[PDB]
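Just one chain follows, in the form solved without tetramethylrhodamine-5-maleimide (RHO), and it is written as structure tokens.
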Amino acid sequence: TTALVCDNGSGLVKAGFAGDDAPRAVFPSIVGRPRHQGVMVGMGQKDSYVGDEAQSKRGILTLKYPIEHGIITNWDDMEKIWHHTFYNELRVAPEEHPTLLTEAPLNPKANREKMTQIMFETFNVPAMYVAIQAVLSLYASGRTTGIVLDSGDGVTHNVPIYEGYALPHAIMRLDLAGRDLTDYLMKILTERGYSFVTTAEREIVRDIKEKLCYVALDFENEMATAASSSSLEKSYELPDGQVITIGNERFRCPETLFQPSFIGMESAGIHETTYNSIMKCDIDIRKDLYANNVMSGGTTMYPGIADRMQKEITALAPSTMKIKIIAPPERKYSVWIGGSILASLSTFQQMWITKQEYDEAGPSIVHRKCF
């Protein structure tokens, strides 16, 4: 029975079974192919590496991410990852369980529809349902009210929910996200001669970022103190033993989330995106949202980012509004956790879209709405 929860994000694939409080399979949504050599099978050499093994043999592969900015672009590779997810990672035969999928709001309708088709035809998934990540994030936090600030790898978005009701009219979405932060950092590391150009190296820079980068509480001030050599500098050991010294970049990188323009992004920073979404909501609600900002996973894992936003939102908001940011430990899996909850949830059972229904109605059925 149970159910599968598959948070097929743009960065990491988080899969597991309903009822568990943690993902069982967490691995990079990556399909790698022998960068060079051509590679005739000959003996038995495969030309396809997925997830952890692509990381292991990263040095000979060109790594691709099927999903870009929250949208599945390379469907062949996407299908491949799902295949791998079920059989090689979870070790489960798809048709045993109904599957709960997730996605970012404001995606192309074809994203849902094509994904749906595959679930029902390639994997023969008894029944399937695609939920919105923001909703799930609140379930994880145990809230019915708040601003969900999702921000990881491909997509950043804001969803206002009030006492169980979604306020779709104020959804915000940015391309700013972890992947942009990574690439920005690559560009910045170059300032010190640390040239990174390969997809392998990009991947390394992701690892650098996740170890050293953090959010400043006052970018300008801290940046100024960085003029003096100090604790702001911290080293990193590369795979080949070469040691890197990181300085300003350690906080300049994540700062992009607050100052978009760093990468040529025209939009406003996440604190204003959040604030404005609240401004687009009814005045009787605004207060409740101010005291219940809920950070999801991904890039919200930077140290001190909660405090930084608390500061800036407080500045933007009215002085009597209590600004409080919810940013629990394990929020990196917030969506997946919510999925587990929802899937195990009793009444939710009626929401499954059976293959039967799909065959009867066709693709359009996935756009039905209900909690």
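One-based numbering along the sequence shown.
Below: the form deposited with tetramethylrhodamine-5-maleimide (RHO) bound, not depicted.
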query: Placed ligand check: tetramethylrhodamine-5-maleimide (RHO) in the entry with it bound, overlay by site C-alphas, backbone/C-beta within 2.4 Å; finding: blocked
query: Option touching tetramethylrhodamine-5-maleimide (RHO), based on a heavy atom within 4.5 Å in the entry with it bound, out of 219, 139, 236, 258; finding: 139
query: Triple contact flag 342, 345 and 351 to tetramethylrhodamine-5-maleimide (RHO) in the entry with it bound, non-hydrogen atom at 4.5 angstroms; finding: yes
query: Residue 86 within 4.5 Å of tetramethylrhodamine-5-maleimide (RHO) in the entry with it bound, heavy atoms; finding: no
query: is_contact(residue 82, tetramethylrhodamine-5-maleimide (RHO)) in the entry with it bound, heavy atom dist at most 4.5 Å; finding: no
query: Non-hydrogen atom contact residue 129 with tetramethylrhodamine-5-maleimide (RHO) in the entry with it bound at 4.5 angstroms; finding: yes
